[PDB]
Each structure stands twice: as structure tokens, then as C-alpha cells.
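Scroll down for the structure; my scribbles are underneath it.
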Amino acid sequence: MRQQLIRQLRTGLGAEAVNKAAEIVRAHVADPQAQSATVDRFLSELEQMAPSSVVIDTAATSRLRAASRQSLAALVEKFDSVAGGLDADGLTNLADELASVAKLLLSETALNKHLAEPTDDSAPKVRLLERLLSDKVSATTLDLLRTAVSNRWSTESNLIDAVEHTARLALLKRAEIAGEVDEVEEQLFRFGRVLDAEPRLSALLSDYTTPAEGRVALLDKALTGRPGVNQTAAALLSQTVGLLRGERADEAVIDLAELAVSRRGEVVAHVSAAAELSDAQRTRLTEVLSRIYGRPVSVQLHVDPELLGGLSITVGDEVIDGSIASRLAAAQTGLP
Amino acid sequence: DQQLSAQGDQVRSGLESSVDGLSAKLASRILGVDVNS
Amino acid sequence: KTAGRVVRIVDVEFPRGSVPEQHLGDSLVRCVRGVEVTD
Amino acid sequence: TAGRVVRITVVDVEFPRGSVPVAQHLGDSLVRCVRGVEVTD
Amino acid sequence: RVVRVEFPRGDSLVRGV
Amino acid sequence: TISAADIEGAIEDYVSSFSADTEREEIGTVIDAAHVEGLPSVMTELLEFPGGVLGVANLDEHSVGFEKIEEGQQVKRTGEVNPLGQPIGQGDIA
Amino acid sequence: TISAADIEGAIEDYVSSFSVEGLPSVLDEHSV
Amino acid sequence: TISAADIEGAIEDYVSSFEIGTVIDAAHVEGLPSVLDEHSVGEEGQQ
């Protein structure tokens with residue numbers, strides 16, 4: 001009982017001390033200036049962090065296999081080459097045509113199966129494509145389709161996925177031409193946030209059993225069709241919801257935002273802060289994250305009260321947890 | 001264990017004084033900066 | 001709301017974040033189709 | 001030209017299209033001899 | 001025709017003949 | 001002969017020496033339960049689930065192979081008496 | 001610039017609007 | 001949008017373009033339609 005008595009006394013003393021430490025931490029955090037100081041200190045700590053060894057964060061389309069990933073890389077390169085001279089209206093027409101072709105392929109299972117089957121030679125595929133829709137789509141659309149089918153895809157679904165990807169790229173390119181890339185990025189992130197906040201709406205929109213036109217109309221009437229919604233973001237979201245094959249609506253919107261930022265070469269960093277940051281703090285955070293990860297990063301803030309201070313950054317599968325609440329939890333569990 | 005219990009009660013009552021200081025120190029560690037309180 | 005519905009007869013689906021504390025993923029848990037369910 | 005571990009349980013490795021070598025050929029360039037570690041023929 | 005049988009309209013899959 | 005000095009010393013040494021350095025850490029998410037998605041670089045390994053629970057990483061391209069564990073929880077990778085070696089209540093074991 | 005009331009009204013309106021395989025009111029999401 | 005129903009004929013031509021089988025598993029061989037199920041016939045890539 002002797003050593004047990006010392007154990008009981010130590011446990012009680014430590015428990016009381018840590019409870020009072022939690023009280024003091026919460027009291028100190030009450031001051032917003034304390035929050036700013038904690039954020040600044042965590043940033044200071046970040047400056048000392050070593051640059052990431054895995055410069056290849058990727059994860060935008062990691063689900064793709066090697067063969068389909070290479071095919072999609074070639075397809076996006078071809079689209080980038082083609083879209084240079086095309087105009088905004090031409091880009092809209094291209095995006096609409098590609099979305100229509102994607103839904104057509106999704107509807108016609110046999111046609112997609114035949115047109116996505118890998119083969120050493122592609123001439124039969126090109127002939128089939130031309131016979132089917134030589135006239136129904138413009139020259140650029142037909143060229144993109146022939147390039148897409150020339151490559152090989154691990155699974156037939158990857159073909160429709162690639163066509164949808166190209167449509168999204170066309171819409172993003174027309175947004176870029178107007179110089180509104182940042183606006184569409186912000187609108188897409190906001191739409192993802194609101195969809196996450198209303199899981200019922202996402203679940204309603206995230207079923208393909210019901211007609212696509214009805215779901216698009218619902219999206220327009222509820223969320224997309226509002227005075228402040230950017231037109232490019234509206235079109236992108238409507239197209240994405242139209243072409244849904246079991247992916248959750250909020251997940252699809254987040255993927256759209258990630259792809260949009262990727263086109264600029266940046267990477268999305270979801271910083272969860274206790275309270276709002278300052279412009280200087282935001283710039284410092286962007287710089288440190290960019291240098292540590294080796295690529296420019298766009299930062300998305302998620303103000304969360306219970307964080308209690310600091311930041312909690314997450315890029316890809318990697319998380320940097322500077323939250324004060326985490327420190328308190330560690331202290332609680334770190335008792336002898 | 002009654003005598004041991006007596007020492008335990010007396011010593012915990014006595015240590016109930018300095019405990020406050022410890023708390024402050026712990027806060028300083030998790031705040032990352034010295035907290036006077 | 002935050003109340004699930006019967007998917008399979010029982011596999012009950014819940015809105016994300018409302019999953020009751022066997023989880024099958026995609027917010028389903030194992031405990032007429034579509035009837036309202038609460039936890 | 002080098003593979004990369006895909007599944008570990010019997011290690012399912014994946015090789016480029018033309019560099020497939022290895023107790024079985026699962027097809028789609030996968031053979032069945034940390035995920036993602038490179039594997040050389 | 002026979003697949004392993006296929007009829008015009010599980011899914012009718014109840015070679016090439 | 002209880003040395004109140006010793007009891008004070010243990011806790012003050014713990015508090016003064018307290019340190020939790022933030023580290024770039026790889027996280028996955030429980031998808032069902034308990035398969036874990038993510039954790040791309042997990043070894044064939046000890047994983048931490050919320051509440052301090054400990055599990056062992058069956059690796060597949062899709063997903064990796066006691067407080068409550070729920071779908072969506074965050075799983076951390078450790079990069080490496082009950083069978084775990086923790087005492088079960090004579091105190092800590094050096 | 002989004003109101004949850006508008007979302008609720010729109011989704012309820014749509015639900016009213018569009019409201020062994022089949023037999024939904026009769027066992028899983030696919031078939032009896 | 002766009003719609004088409006004559007596609008049924010078009011695809012025929014494509015499949016009519018092509019017998020040689022290719023080993024996919026090992027052993028299963030895809031192809032040899034006139035030669036054991038729809039997917040395949042009961043070193044990968046060999047002809």
C-alpha cells in the first residue's frame with residue numbers, strides 16, 4: 001500500500017494540476033490577441049520545419065491506375081494544345097459537347113465497352129467514333145475524342161471519366177481566359193462547404209436513379225441559381241451533378257475544386273484555425289507551406305472554435321497538428 | 001493502513017498549496033509562452 | 001433531422017456525422033425499406 | 001521498367017505494360033510474387 | 001445465342017451461336 | 001515516511017519537461033468497422049485510433065487491413081501486463 | 001449568400017414533385 | 001443534347017473489322033470468338 005499510496009497521491013496531484021492547467025489555457029485563450037500570438041508562434045515553428053521529402057504529393061487523381069493515368073495525361077496534354085486558339089464560346093461548346101458525349105457513353109454500355117477496350121491499333125476505334133458522331137460534334141471535339149480513344153484505359157469507366165475530365169478542363173480554361181480563375185475557385189469551395197453542411201441535399205443530389213434534368217433543376221433552384229453565383233462555377237457544378245455515377249455530391253464538388261487549383265499548379269491546403277487570420281498571417285502561412293511542400297498552395301480556412309488556438313494544416317494524407325487542444329489532450333494523457 | 005492513510009491525507013493537504021505553481025508551469029509549456037497566471 | 005432510414009432488411013443508412021456510435025461504411029450501419037429510423 | 005508493390009498479404013506487384021516478368025500472372029500487368037515500393041524484375 | 005445463353009429481351013444471360 | 005518532496009518532484013519534473021513537438025504526420029480514415037483508407041506509406045505497423053486505441057495494419061490498393069471506433073475517425077501511423085506491455089494497477093513499468 | 005430555408009423549401013418541393021426489382025414500398029436497395 | 005439509335009449497326013463494322021487470342025491470365029486467353037465464357041477462354045500478352 002506504500003507504493004500504492006504514493007501512486008494515489010501522485011495521480012491526484014497530477015490530475016488536479018492538469019485540470020487547473022486546462023482552466024488557465026482556456027482563460028488565456030479567451031483573448032483574441034492570445035489567439036493571434038499562438039498562430040504566430042506556430043508559424044514560427046513551421047519556418048523551422050524541414051522541407052517535405054515527398055515532393056510528389058499528387059493525390060488529385062491518385063485513384064487512377066498507371067495505364068489510365070498515362071492515357072489521361074496524354075489526353076490533357078492534347079486538350080491543352082487544342083484549346084490555345086479556341087475562343088470562350090468555342091470552349092463552352094466544347095464542354096457541352098463533351099458532357100453530352102460522356103452521358104451518351106454512360107447510357108450506351110455496349111458502345112463504351114467497345115470504345116474503351118485497349119488494343120495495339122486504334123484505327124477501328126477512330127472509324128467507329130467518326131461513323132457514330134462525325135457530324136454531331138465540332139472538329140475539336142472529334143479530335144479530342146479520337147485522341148482519347150486511341151489510348152488505352154484500365155477500365156471502361158475510365159474513358160467516361162476522362163471525357164468528363166476534359167469537359168471540366170474546357171470549362172476551367174474558359175474561366176481562365178476571362179481571368180476569373182480565383183472567383184471560380186472560391187465559388188467551388190463555397191459550394192463544397194455548403195453541400196457538406198447540408199448532407200441531406202447532397203444525398204438527394206447524389207443519386208443517379210432519378211433523371212439528371214430533375215437534379216440539375218433542383219441544384220439551380222436551391223443553390224446554383226442565386227444572384228451571386230459565378231456563371232462558370234454554376235456550369236461546372238451543374239455538369240458534374242448531371243454526370244454522377246455513385247460519387248457523393250460534396251465529394252464531387254471538392255474534387256472539382258482540387259482539379260481547378262491543380263490546373264494552376266497549386267495544391268489545396270485545408271487550414272483549420274481557431275479564429276480568422278490576418279492578411280500578413282495568411283501570406284506567411286502560404287509562404288511557409290509552399291516552401292515546405294515545394295509547390296505553391298492555396299489555403300482554405302475552416303474557422304473552428306474548439307481548436308482553442310494554433311492551426312491544423314492538412315495536405316494530401318499528411319497533417320500538421322498545431323492545435324492547442326491537441327497539446328491539452330497530450331498533457332492529459334501524458335501523466336505518469 | 002490507518003497510519004499510512006493519515007500520512008496520505010496530511011501530505012496531500014500539505015501539497016495542495018504548491019500545486020497551483022505546477023499548473024502555471026504546465027500551461028506555459030502548452031501555451032508555448034510563459035503565462036504569469 | 002439526423003435520423004436514418006432502413007436500407008436493407010437490418011442495414012440502416014444515416015446522414016454523415018449522424019452515424020450512431022457494425023459500421024459498413026458510406027454512413028451505413030448494421031443493427032419496409034426506406035422507413036424512418038432514429039437513434 | 002520496374003514494378004511496384006500493390007497488395008501485401010503473397011505480394012501482388014504491378015509492372016509496366018511490356019516489362020511483366022512471380023508465382024502467377026494476374027493479368028493487367030499484375031503478377032503475384034510498404035505499398036508502392038519499387039520492385040525490379 | 002450462346003455465351004458460355006443469351007436471348008433478346010438474369011439479364012437474359014441464361015459461343016456466338 | 002512519505003517524502004512529500006518526492007511526490008512534488010515527480011509531477012514538477014513531468015510538467016517542466018513536458019514537450020509535444022508538432023510533426024508532419026500521415027493520417028487515414030476509418031471506412032468501416034476496421035478498414036482504414038489512406039495511410040499510403042504504412043508498413044505491413046502500429047496505428048493509433050482516437051482515444052489512444054492501438055491497432056495493427058492486410059494491405060491493399062484500396063484500404064489498409066478499446067474505446068469506441070466509428071467510421072470516419074482519424075487514424076494515425078506510429079511509424080513502427082496486457083500484451084502491449086502496459087501494466088494492468090501497480091504503476092508504470094520502466 | 002445562401003439561406004438554408006431556401007434549400008429546405010426547394011428540396012421538399014422536389015420530393016413532392018417526383019413522388020425482384022422495384023416494389024419499393026414492399027430486401028435491399030437493389031431487389032427484394 | 002444528342003441521341004442516336006443506328007449506332008447498333010456501326011459497332012458491328014468495328015467488331016467485323018477483326019482469329020488471334022491473347023493470354024491475359026496465367027491460363028486464360030481473350031479472343032478466339034469462334035473457338036470458356038464471354039470474358040475469356042479457360043506469359044501474359046502472348047498471342
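A short reminder: the numbers here are calculations on the coordinates, not readings from a lab. Reconstructed Cβ throughout: ideal geometry from the backbone, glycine too, with neighbour counts over all protein chains shown.
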Would you mind stating whether F:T44 is under 22 Å from A:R327 (Cα atoms), β-branched (V, I, T) and surrounded by 11 or more Cβ atoms within 10 Å (Cβ to Cβ)?
no
Filter result (over 20 Å from A:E108 (Cβ atoms) and either within 13 Å of chain H (Cβ to nearest Cβ) or of a type in the set (S, T, N, Q) (or both)) within region A:133-146:
A:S138, A:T140
Of the residues in region A:9-25, those that are at the interface with another protein chain (Cβ under 7 Å from one of its Cβ atoms) and over 40 Å from the mean Cα position of the chain (by Cα) come to A:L9, A:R10, A:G12, A:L13, A:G14, A:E16, A:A17, A:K20
Under 10 Å from the mean Cα position of the chain (by Cα) and either in a loop (DSSP other than H, G, I, E, B) or of a type in the set (A, V, I, L, M) (or both), is that true of D:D41?
yes
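Restricting attention to region A:303-336, which residues are on the phi > 0 side of the Ramachandran plot and within 14 Å of chain B (Cβ to nearest Cβ)?
Taking region A:303-336 and keeping what is on the phi > 0 side of the Ramachandran plot, we get A:308-310, A:316.
Residues satisfying the conditions are A:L308, A:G309, A:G310.
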Restricting region C:7-39 to residues that are surrounded by fewer than 17 Cβ atoms within 10 Å (Cβ to Cβ) and aliphatic (A, V, I, L, M), which is nearest to the other protein chains (Cβ to nearest Cβ)?
C:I9
Lone qualifier among F:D21, F:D60 - being closer than 30 Å to B:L26 by Cβ and more than 14 Å from chain C (Cβ to nearest Cβ)
F:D21
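Test A:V241 against the stated conditions and say whether it is aliphatic (A, V, I, L, M), crowded, with 18+ Cβ neighbours inside 10 Å, within 30 Å of G:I7 (Cα to Cα) and touching a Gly at 6+ places or on another chain (Cβ under 7 Å). Show your work before the answer.
Details: aliphatic (A, V, I, L, M): yes; crowded, with 18+ Cβ neighbours inside 10 Å: yes; within 30 Å of G:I7 (Cα to Cα): yes; touching a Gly at 6+ places or on another chain (Cβ under 7 Å): no.
In short, no.
Take region G:5-16 and flag every residue that is surrounded by 11 or more Cβ atoms within 10 Å (Cβ to Cβ) and more than 7 Å from chain A (Cβ to nearest Cβ).
Applying the first criterion (surrounded by 11 or more Cβ atoms within 10 Å (Cβ to Cβ)) to region G:5-16 yields G:6-11, G:13-15.
G:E8, G:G9, G:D13, G:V15 - these are the residues of region G:5-16 that are surrounded by 11 or more Cβ atoms within 10 Å (Cβ to Cβ) and more than 7 Å from chain A (Cβ to nearest Cβ).
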In region A:26-69, residues that are on the phi > 0 side of the Ramachandran plot and facing another protein chain (nearest Cβ under 9 Å) total 1
Look at chain B and say how many of its residues are in a helix (DSSP H, G or I), at the interface with chain A (Cβ under 8 Å from one of its Cβ atoms) and among the acidic types (D, E).
1
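Could you please let me know if F:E80 is closer than 27 Å to A:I313 by Cα, part of a loop (DSSP other than H, G, I, E, B) and either more than 14 Å from chain C (Cβ to nearest Cβ) or touching a helix residue (DSSP H, G or I) at 6+ places or on another chain (Cβ under 8 Å) (or both)? So that I can check it myself, show each step before the final result.
On the way: closer than 27 Å to A:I313 by Cα: yes; part of a loop (DSSP other than H, G, I, E, B): yes; either more than 14 Å from chain C (Cβ to nearest Cβ) or touching a helix residue (DSSP H, G or I) at 6+ places or on another chain (Cβ under 8 Å) (or both): yes.
For F:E80, the condition - closer than 27 Å to A:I313 by Cα, part of a loop (DSSP other than H, G, I, E, B) and either more than 14 Å from chain C (Cβ to nearest Cβ) or touching a helix residue (DSSP H, G or I) at 6+ places or on another chain (Cβ under 8 Å) (or both) - is met.
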Residue count, region A:184-216, condition surrounded by 21 or more Cβ atoms within 10 Å (Cβ to Cβ) and more than 14 Å from chain C (Cβ to nearest Cβ), comes to 7
Output the residues belonging to region A:253-267 that are under 8 Å from the mean Cα position of the chain (by Cα), surrounded by fewer than 23 Cβ atoms within 10 Å (Cβ to Cβ) and over 15 Å from A:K173 (Cβ atoms).
A:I254, A:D255, A:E258
So how many residues does region A:83-110 have that are polar (S, T, N, Q) and within 11 Å of chain H (Cβ to nearest Cβ)?
2
Across region A:147-157, which residue is surrounded by the most Cβ atoms within 10 Å (Cβ to Cβ) among those that are hydrophobic (A, V, I, L, M, F, W, C) and more than 14 Å from chain H (Cβ to nearest Cβ)?
A:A148
Among (1) touching a strand residue (DSSP E or B) at 6+ places or on another chain (Cβ under 8 Å); (2) closer than 21 Å to A:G246 by Cα - the single one A:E185 does not satisfy
(2)
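Just one of F:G72, F:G89, F:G55, F:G85 is within 14 Å of chain C (Cβ to nearest Cβ) and either surrounded by 15 or more Cβ atoms within 10 Å (Cβ to Cβ) or part of a loop (DSSP other than H, G, I, E, B) (or both); which is it? Steps first, please.
Numbers: F:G89 fails: within 14 Å of chain C (Cβ to nearest Cβ); F:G55 fails: within 14 Å of chain C (Cβ to nearest Cβ); F:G85 fails: within 14 Å of chain C (Cβ to nearest Cβ).
Answer to the check: F:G72.
F:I31: among the β-branched types (V, I, T) and surrounded by 12 or more Cβ atoms within 10 Å (Cβ to Cβ), yes or no? Lay out the reasoning, then the answer.
On the way: among the β-branched types (V, I, T): yes; surrounded by 12 or more Cβ atoms within 10 Å (Cβ to Cβ): yes.
For F:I31, the condition - among the β-branched types (V, I, T) and surrounded by 12 or more Cβ atoms within 10 Å (Cβ to Cβ) - is met.
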Restricting to region H:17-28, count the residues that are surrounded by fewer than 13 Cβ atoms within 10 Å (Cβ to Cβ) and of a type in the set (S, T, N, Q).
1
Any residue at all in region A:262-282 that's among the polar types (S, T, N, Q), outside any helix (DSSP H, G or I) and either touching a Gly at 6+ places or on another chain (Cβ under 7 Å) or under 30 Å from F:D13 (Cα atoms) (or both)?
no
